[PDB]
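Asks: Okay, here's the structure, questions in a sec.
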Amino acid sequence: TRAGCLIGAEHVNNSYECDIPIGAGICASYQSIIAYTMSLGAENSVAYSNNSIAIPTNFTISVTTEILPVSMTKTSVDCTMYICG
Amino acid sequence: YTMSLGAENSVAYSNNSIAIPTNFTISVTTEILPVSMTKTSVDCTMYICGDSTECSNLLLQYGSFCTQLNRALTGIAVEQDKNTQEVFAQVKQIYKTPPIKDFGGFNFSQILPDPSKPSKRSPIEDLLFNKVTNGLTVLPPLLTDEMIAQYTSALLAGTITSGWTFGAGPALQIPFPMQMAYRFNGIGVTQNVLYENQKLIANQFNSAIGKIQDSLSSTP
Amino acid sequence: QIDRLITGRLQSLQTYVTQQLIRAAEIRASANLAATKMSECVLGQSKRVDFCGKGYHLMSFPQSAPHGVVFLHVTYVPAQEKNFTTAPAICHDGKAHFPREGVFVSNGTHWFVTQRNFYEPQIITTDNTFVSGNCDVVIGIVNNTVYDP
Amino acid sequence: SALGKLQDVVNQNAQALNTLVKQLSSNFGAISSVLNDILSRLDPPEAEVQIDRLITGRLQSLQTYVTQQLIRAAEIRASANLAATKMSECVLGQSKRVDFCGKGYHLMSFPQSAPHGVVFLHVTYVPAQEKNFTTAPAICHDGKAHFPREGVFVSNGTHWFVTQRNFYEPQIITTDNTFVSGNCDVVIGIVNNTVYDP
Amino acid sequence: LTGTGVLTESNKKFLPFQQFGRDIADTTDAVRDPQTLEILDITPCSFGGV
Ligand SMILES: *[C@@H]1O[C@H](CO)[C@@H](O[C@@H]2O[C@H](CO)[C@@H](O)[C@H](O)[C@H]2NC(C)=O)[C@H](O)[C@H]1NC(C)=O
Ligand SMILES: *[C@@H]1O[C@H](CO)[C@@H](O[C@@H]2O[C@H](CO)[C@@H](O)[C@H](O)[C@H]2NC(C)=O)[C@H](O)[C@H]1NC(C)=O
Ligand SMILES: *[C@@H]1O[C@H](CO)[C@@H](O[C@@H]2O[C@H](CO)[C@@H](O)[C@H](O)[C@H]2NC(C)=O)[C@H](O)[C@H]1NC(C)=O
Ligand SMILES: *[C@@H]1O[C@H](CO)[C@@H](O[C@@H]2O[C@H](CO)[C@@H](O)[C@H](O)[C@H]2NC(C)=O)[C@H](O)[C@H]1NC(C)=O
Ligand SMILES: *[C@@H]1O[C@H](CO)[C@@H](O[C@@H]2O[C@H](CO)[C@@H](O)[C@H](O)[C@H]2NC(C)=O)[C@H](O)[C@H]1NC(C)=O
Ligand SMILES: *[C@@H]1O[C@H](CO)[C@@H](O[C@@H]2O[C@H](CO)[C@@H](O)[C@H](O)[C@H]2NC(C)=O)[C@H](O)[C@H]1NC(C)=O
Ligand SMILES: *[C@@H]1O[C@H](CO)[C@@H](O[C@@H]2O[C@H](CO)[C@@H](O)[C@H](O)[C@H]2NC(C)=O)[C@H](O)[C@H]1NC(C)=O
Ligand SMILES: *[C@@H]1O[C@H](CO)[C@@H](O[C@@H]2O[C@H](CO)[C@@H](O)[C@H](O)[C@H]2NC(C)=O)[C@H](O)[C@H]1NC(C)=O
Ligand SMILES: *[C@@H]1O[C@H](CO)[C@@H](O[C@@H]2O[C@H](CO)[C@@H](O)[C@H](O)[C@H]2NC(C)=O)[C@H](O)[C@H]1NC(C)=O
Ligand SMILES: *[C@@H]1O[C@H](CO)[C@@H](O)[C@H](O)[C@H]1NC(C)=O
Ligand SMILES: *[C@@H]1O[C@H](CO)[C@@H](O)[C@H](O)[C@H]1NC(C)=O
Ligand SMILES: *[C@@H]1O[C@H](CO)[C@@H](O)[C@H](O)[C@H]1NC(C)=O
């Protein structure tokens, strides 16, 4: 690889999502350990033309989670007691 | 000298007069934002001591300082890849433009990828890449420049062929002079103004894109 | 002597790692800003002033850069403005008429209604105006006819 | 691994505390890492030197710990300012900002308390089951160009309708949902269709 | 001048008064052999992270 030499992983020609990052587009996964070039996303060719539009006929009410940290543990260290007791 | 903030512009205010625009300029501006740094890793033991075993034996008296430095650098290195992942990988569908570039007079050749170049970059992106010039290791970024260019190509194809619909769900195709009219209505200007003056807006947009390329090529 | 060299090099390495952490925090803040601009200027049209360029934001285009991103903000800038005489409301038949979406303008002799960001004069009708109250309340109301289709 | 962001902060703080406790076991070049052993073994002229080595090692460790604690405090403060912005704009209102309050067109949001954190349940509207239609920018009728007030002209193959943009609801093209601007000679791609007048 | 490295042939033509060679980072990367006046590049011994 461009990151270096990888020993113990079988290089495959298929592209999957990145499980364990190696670097320079190389990722590793377990299925034995395989190494591959990652696949960014599913290909999708938009049917563009100058007089056609796509209009939705239905909808999905989708609820998603977003986790955000707010605070940490309030830690205090007695400097004199830590250094000297 | 004493500097001057700006030129004086006394606005002609009165209680019954208004100023209404009769024309418009399609203006394209550049904004450059850094995303990641060079991922550097330092072998602390080799940096302090090299191959001297007595130095490492004396360095073991100081404890796990080297482990903390390596872990902090590892956290920075994975934070750069997380930053690139959050910036560029906002779509899971790789969109392509149609082979026929009939967008109602709008030209995107300076921002779409060039098929003649092996790096698959746009001319603007190629100019941007041309304008940027002991225990130490440099880890390569997880996303290569080809895949970052592929992500930007997918984003450009989505925003050209599908509007803002691909960012909120499935990519719904729409003609570009209609997409533009929708954007005009988003800023409070009627669709008719866009439709009647579509040739002038396309010419202004192409001229502004060319001025962007000229200004990037002419400013160090 | 090796202990002196060790503590000097360790102090140098701690200084380097500390300033690298500070620069990493700054770059993370800049990258969060860049991801926000990617979401709000490229994947949609933003109403936020000067967030996606100078002027009324139309669209934006992303471009890759070495360790960075370049946003081409395509915006709408008004130009060639013209003076007009304006009024808050039109008094007609003892009723006050207010524009539904535009603004009342006058070129000197005749009164029209136009959209706010572009001069497009139209005849003041009952389709683009609405009625609220009489003419005795609004300060600066003027007398003009309101054509009924 | 759903709650990995809070657990990462908890693990980093616990690991920093464990490293700070572990640094007391190092002698930093002195004869011992225990202060009582030095004070019971040596005269004060050389115990001063040994205690000085222990003091400078432990002080360097404590200053390092306080340095990454301040850096992590800045990061957590930035995350908390972001969380307060999401609480103000997604929960207390409806946000027009794309992907700020979930994927899709944001409808509303719910806050949930979490150990040292917040979880936003973003309820969003996703379009689905899209269908092709043949579209035109304007309708030519009686020598006049008609444009939709809020919707879009669509055609299923034989008949022309106007619909709202985010949901298929075809309606008859009338004068009540269209407005007239100019003739048919200027707009590129204008098509001929009748406009019903109520 | 002592060290550890791989000593390869060098294309750097020294002036006759010069003995060692340094890069930007003040590391000895070129040297002259004292027995036979020839120039040798000193590549550092291969190392990397595991
Ligand atoms: C709208 O019409 C276009 C073209 O008629 C459809 O696009 C084709 O879809 C099929 C089905 O997957 C593909 O095999 C073709 O390659 C597509 N053509 C192009 C040019 O992209 C599209 O699927 C239609 N939309 C809907 C919702 O049915
Ligand atoms: C829009 O999508 C919904 C799914 O969310 C459809 O509702 C389903 O309809 C089928 C058949 O009518 C039922 O068997 C399912 O039980 C329904 N699901 C739910 C959750 O109620 C709905 O029919 C779709 N409408 C259109 C016009 O396509
Ligand atoms: C609208 O009218 C005002 C007032 O007549 C104009 O303001 C004057 O502009 C000239 C030319 O720059 C100045 O010399 C005067 O000092 C201005 N007067 C005031 C009171 O500001 C204004 O230029 C007109 N706008 C347009 C677009 O014609
Ligand atoms: C609005 O401004 C544009 C310029 O942005 C004007 O277009 C110019 O018109 C003149 C004469 O009609 C031509 O000589 C130029 O070549 C045009 N420029 C471009 C870029 O096309 C336009 O005429 C203005 N419209 C109004 C009503 O003032
Ligand atoms: C879109 O823009 C490109 C670039 O401005 C145009 O390509 C130019 O075409 C002319 C004549 O065809 C050549 O003399 C130039 O050398 C071309 N420039 C480049 C950079 O290739 C292109 O014609 C425009 N229109 C379309 C439909 O692509
Ligand atoms: C204000 O605008 C109106 C409408 O454009 C002008 O009225 C027209 O003026 C022309 C020129 O004399 C006449 O040929 C038309 O018959 C008028 N139309 C109507 C309906 O009366 C008016 O002259 C403008 N006023 C100023 C001061 O510019
Ligand atoms: C606008 O119209 C109103 C109503 O016709 C005018 O109000 C009248 O003004 C005259 C003269 O001052 C009075 O004698 C009437 O009693 C008023 N009638 C009412 C109902 O108030 C008003 O003067 C007009 N304004 C302008 C500027 O023409
Ligand atoms: C497009 O939609 C219109 C409206 O539903 C269709 O017109 C109706 O079609 C049905 C089916 O035969 C007839 O029974 C109705 O009488 C029609 N209504 C009118 C007002 O003519 C039309 O058939 C659809 N076209 C296509 C190609 O699907
Ligand atoms: C839409 O209707 C207009 C108006 O009838 C058509 O324009 C006419 O076209 C014929 C032949 O092309 C000419 O002889 C007339 O002089 C035109 N009249 C006008 C006012 O322009 C137009 O062709 C129609 N378009 C379609 C697609 O049916
Ligand atoms: C506007 O100002 C003029 C004097 O400058 C005054 O006569 C007129 O009544 C004012 N109109 C309003 C609505 O304040
Ligand atoms: C759309 O493209 C076709 C050719 O593919 C052309 O005949 C037609 O005029 C175009 N319509 C518009 C509105 O550009
Ligand atoms: C050392 O001896 C070798 C062979 O005897 C000779 O080639 C070389 O030039 C000598 N070096 C000097 C500095 O005399």
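Chains: A, B, ... in order of the structure tokens. Residues: from 1 per chain. Ligands: from 1, in order shown.
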Using only C-alpha atoms and all ligand atoms, which residues have at least one atom no more than 12 Å from ligand 9? Output them as a list in words.
Replies: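 The residues near ligand 9 are residues 136, 139, 140, 141, 142, 143, 144, 145, 183, 184, 185, 186, 188, 189, 190, 191, 192, 193 and 194 of chain D.
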Asks: Which residues are near ligand 1 in this structure, taking near to mean any atom at most 10 Å from a ligand atom and counting only C-alpha atoms and all ligand atoms? Format them as a list in words.
Replies: residues 44, 45, 46, 47, 48, 49, 52, 53, 54, 55 and 56 of chain A; 96, 98, 99, 172 and 173 of chain B; 128, 129, 130, 131, 132, 133 and 134 of chain D
Asks: Restrict the distance test to only C-alpha atoms, flag each residue of chain B within 9 Å of chain E, and return the flagged residues as a ChimeraX atom specification.
Replies: /B:43,135,137
Asks: Mind dumping the selected residues with N, CA and C atoms as a CSV table (one decimal), in the first residue's frame?
Replies:
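Once written, out-v7.csv looks like this:
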chain,number,residue,atom,x,y,z
B,43,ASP,N,7.7,8.9,17.0
B,43,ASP,CA,8.3,7.9,18.0
B,43,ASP,C,9.0,8.6,19.0
B,135,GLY,N,12.4,9.4,14.1
B,135,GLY,CA,11.1,9.0,14.7
B,135,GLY,C,9.9,9.7,14.0
B,137,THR,N,7.1,10.4,11.3
B,137,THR,CA,6.4,9.8,10.2
B,137,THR,C,5.2,10.6,9.9
Asks: What are the closest atom pairs, with distances in Å to one decimal, for each residue of chain C lying within 12 Å of ligand 4, using only C-alpha atoms and all ligand atoms, rows by chain and rising residue number, as CSV?
Replies:
residue,atom,partner,partner_atom_place_in_ligand_line,distance
C:76,CA,ligand 4,5 (O),11.7
C:77,CA,ligand 4,5 (O),10.7
C:78,CA,ligand 4,1 (C),10.1
C:79,CA,ligand 4,2 (O),8.1
C:80,CA,ligand 4,28 (O),7.2
C:81,CA,ligand 4,28 (O),9.9
C:82,CA,ligand 4,28 (O),11.0
C:118,CA,ligand 4,27 (C),10.7
C:119,CA,ligand 4,27 (C),9.6
C:120,CA,ligand 4,27 (C),10.7
Asks: Please write out the residues within 12 Å of ligand 8 as a ChimeraX atom specification, counting only C-alpha atoms and all ligand atoms.
Replies: /D:132-134,154-162,169-172
Asks: Hey, what does DSSP flag as strand (DSSP E) within chain E? Can you give it to me as a list in words?
Replies: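 Residues meeting the strand (DSSP E) criterion: residues 6, 7, 8, 9, 20, 21, 22, 28, 29, 30, 31, 32, 39, 40, 41, 42 and 43 of chain E.
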Asks: Considering only C-alpha atoms, return as a VMD selection string whatever protein or nucleic-acid residues lie within 10 Å of residue 6 of chain A, sequence-local ones (same chain, fewer than 3 positions apart) excluded.
Replies: (chain A and resid 1 3 9 to 11 22 35) or (chain E and resid 50)
Asks: Please write the residues from the selection above to a file, keeping C-alpha atoms, as a compact mmCIF listing (two decimals), in the first residue's frame.
Replies:
# COMPACT_ATOMS: atom_id res chain seq x y z
CA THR A 1 0.00 0.00 0.00
CA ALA A 3 0.68 3.59 3.74
CA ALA A 9 -4.57 -9.50 4.93
CA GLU A 10 -5.85 -10.83 1.61
CA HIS A 11 -6.23 -8.03 -0.93
CA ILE A 22 -5.61 1.50 7.00
CA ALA A 35 -8.06 -5.46 2.68
CA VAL E 50 4.38 -1.49 13.42
Asks: Within 6 Å of ligand 6, counting only C-alpha atoms and all ligand atoms: which residues, as an NGL selection string?
Replies: :C and (107-110)
Asks: Could you name the residues that touch segment 48-60 of chain D at 10 Å or less, counting only C-alpha atoms, but leaving out those on the same chain fewer than 6 positions away, as a list in words?
Replies: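 Near segment 48-60 of chain D, the qualifying residues are residues 79, 80, 82, 83 and 84 of chain A; 62 and 63 of chain B; 7, 11 and 14 of chain C; 20, 23, 24, 26, 27, 28, 29, 30, 31, 32, 33, 34, 35, 38, 39, 42 and 66 of chain D.
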Asks: Could you give me, as a tab-separated table, a per-residue list for chain B showing, wherever an atom lies at most 8 Å from an atom of chain A, the closest pair of atoms and their distance in Å to one decimal, using only C-alpha atoms and sorting by chain then residue number from low to high?
Replies:
residue	atom	partner	partner_atom	distance
B:91	CA	A:41	CA	7.8
B:92	CA	A:41	CA	4.7
B:93	CA	A:41	CA	5.1
B:94	CA	A:43	CA	4.7
B:95	CA	A:44	CA	5.2
B:96	CA	A:45	CA	5.5
B:97	CA	A:46	CA	7.2
B:98	CA	A:48	CA	6.4
B:102	CA	A:50	CA	7.2
B:103	CA	A:50	CA	7.0
B:104	CA	A:50	CA	7.7
B:139	CA	A:3	CA	7.1
B:140	CA	A:24	CA	5.8
B:141	CA	A:24	CA	5.9
B:142	CA	A:23	CA	4.3
B:143	CA	A:25	CA	5.6
B:144	CA	A:24	CA	5.7
B:147	CA	A:40	CA	7.8
B:151	CA	A:40	CA	7.9
B:161	CA	A:48	CA	6.0
B:162	CA	A:46	CA	7.6
B:171	CA	A:46	CA	7.1
B:172	CA	A:54	CA	5.1
B:173	CA	A:53	CA	5.4
B:174	CA	A:53	CA	4.6
B:175	CA	A:50	CA	5.0
B:176	CA	A:50	CA	7.5
Asks: Can those selected residues be exported to a file as a short mmCIF file (atom, residue, chain, number, x, y, z; two decimals), in the first residue's frame so that it contains N, CA, C and O atoms?
Replies:
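That gives us part-v1.cif:
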data_model
loop_
_atom_site.label_atom_id
_atom_site.label_comp_id
_atom_site.auth_asym_id
_atom_site.auth_seq_id
_atom_site.Cartn_x
_atom_site.Cartn_y
_atom_site.Cartn_z
N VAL B 91 -22.90 12.77 1.44
CA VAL B 91 -23.82 12.05 0.57
C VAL B 91 -23.34 10.61 0.44
O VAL B 91 -22.14 10.34 0.38
N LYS B 92 -24.29 9.68 0.44
CA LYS B 92 -24.00 8.26 0.23
C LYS B 92 -24.36 7.77 -1.17
O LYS B 92 -24.26 6.57 -1.43
N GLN B 93 -24.78 8.66 -2.06
CA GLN B 93 -25.01 8.31 -3.45
C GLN B 93 -24.05 9.09 -4.34
O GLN B 93 -23.96 10.31 -4.24
N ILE B 94 -23.33 8.38 -5.21
CA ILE B 94 -22.36 8.99 -6.11
C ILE B 94 -23.11 9.34 -7.39
O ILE B 94 -23.41 8.47 -8.21
N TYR B 95 -23.41 10.62 -7.56
CA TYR B 95 -24.17 11.09 -8.72
C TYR B 95 -23.23 11.44 -9.87
O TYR B 95 -22.08 11.81 -9.67
N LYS B 96 -23.75 11.29 -11.09
CA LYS B 96 -23.04 11.71 -12.29
C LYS B 96 -23.92 12.65 -13.09
O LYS B 96 -25.15 12.53 -13.10
N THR B 97 -23.28 13.59 -13.78
CA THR B 97 -23.98 14.43 -14.74
C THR B 97 -24.34 13.62 -15.99
O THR B 97 -23.71 12.61 -16.29
N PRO B 98 -25.38 14.04 -16.72
CA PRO B 98 -25.67 13.41 -18.00
C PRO B 98 -24.58 13.71 -19.01
O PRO B 98 -23.86 14.72 -18.88
N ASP B 102 -26.73 20.05 -21.65
CA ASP B 102 -27.76 21.00 -22.04
C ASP B 102 -28.45 21.50 -20.77
O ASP B 102 -29.40 20.89 -20.28
N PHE B 103 -27.96 22.62 -20.24
CA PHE B 103 -28.50 23.19 -19.01
C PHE B 103 -29.13 24.56 -19.25
O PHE B 103 -29.13 25.41 -18.36
N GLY B 104 -29.68 24.78 -20.44
CA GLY B 104 -30.29 26.06 -20.76
C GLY B 104 -29.34 27.23 -20.86
O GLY B 104 -29.68 28.34 -20.45
N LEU B 139 1.59 10.14 8.39
CA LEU B 139 0.56 9.20 8.01
C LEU B 139 -0.24 9.77 6.84
O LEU B 139 -0.56 10.96 6.83
N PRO B 140 -0.53 8.95 5.83
CA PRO B 140 -1.34 9.44 4.72
C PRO B 140 -2.78 9.65 5.16
O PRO B 140 -3.25 8.99 6.10
N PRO B 141 -3.49 10.58 4.54
CA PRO B 141 -4.92 10.75 4.85
C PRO B 141 -5.72 9.55 4.38
O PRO B 141 -5.34 8.84 3.44
N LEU B 142 -6.83 9.30 5.09
CA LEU B 142 -7.65 8.13 4.79
C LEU B 142 -8.33 8.27 3.44
O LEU B 142 -8.42 7.31 2.67
N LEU B 143 -8.82 9.47 3.13
CA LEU B 143 -9.38 9.77 1.82
C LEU B 143 -8.29 10.37 0.94
O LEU B 143 -7.68 11.38 1.31
N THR B 144 -8.04 9.74 -0.20
CA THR B 144 -7.10 10.30 -1.16
C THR B 144 -7.71 11.49 -1.88
O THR B 144 -8.91 11.76 -1.79
N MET B 147 -10.46 10.58 -4.30
CA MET B 147 -11.78 10.34 -3.72
C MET B 147 -12.43 11.61 -3.19
O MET B 147 -13.66 11.72 -3.21
N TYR B 151 -15.97 12.93 -4.39
CA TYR B 151 -17.03 13.44 -3.52
C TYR B 151 -17.53 14.80 -3.98
O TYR B 151 -18.75 15.04 -4.02
N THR B 161 -28.20 18.52 -11.11
CA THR B 161 -29.28 17.76 -11.71
C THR B 161 -30.51 17.66 -10.82
O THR B 161 -31.61 17.44 -11.34
N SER B 162 -30.36 17.81 -9.50
CA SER B 162 -31.45 17.48 -8.61
C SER B 162 -31.82 18.58 -7.62
O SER B 162 -32.75 18.38 -6.83
N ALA B 171 -32.80 11.82 -4.84
CA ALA B 171 -32.49 12.86 -5.82
C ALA B 171 -33.63 12.93 -6.83
O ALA B 171 -33.85 11.99 -7.60
N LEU B 172 -34.34 14.06 -6.83
CA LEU B 172 -35.45 14.28 -7.74
C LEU B 172 -34.98 15.22 -8.84
O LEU B 172 -34.58 16.36 -8.55
N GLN B 173 -35.00 14.75 -10.08
CA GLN B 173 -34.49 15.54 -11.18
C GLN B 173 -35.41 16.72 -11.48
O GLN B 173 -36.62 16.67 -11.24
N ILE B 174 -34.81 17.80 -11.95
CA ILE B 174 -35.52 19.04 -12.25
C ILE B 174 -34.65 19.78 -13.27
O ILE B 174 -33.42 19.70 -13.18
N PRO B 175 -35.24 20.41 -14.28
CA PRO B 175 -34.45 21.25 -15.19
C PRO B 175 -33.79 22.42 -14.47
O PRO B 175 -34.35 22.98 -13.53
N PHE B 176 -32.57 22.74 -14.90
CA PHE B 176 -31.81 23.80 -14.24
C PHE B 176 -32.41 25.20 -14.36
O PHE B 176 -32.34 25.94 -13.36
#
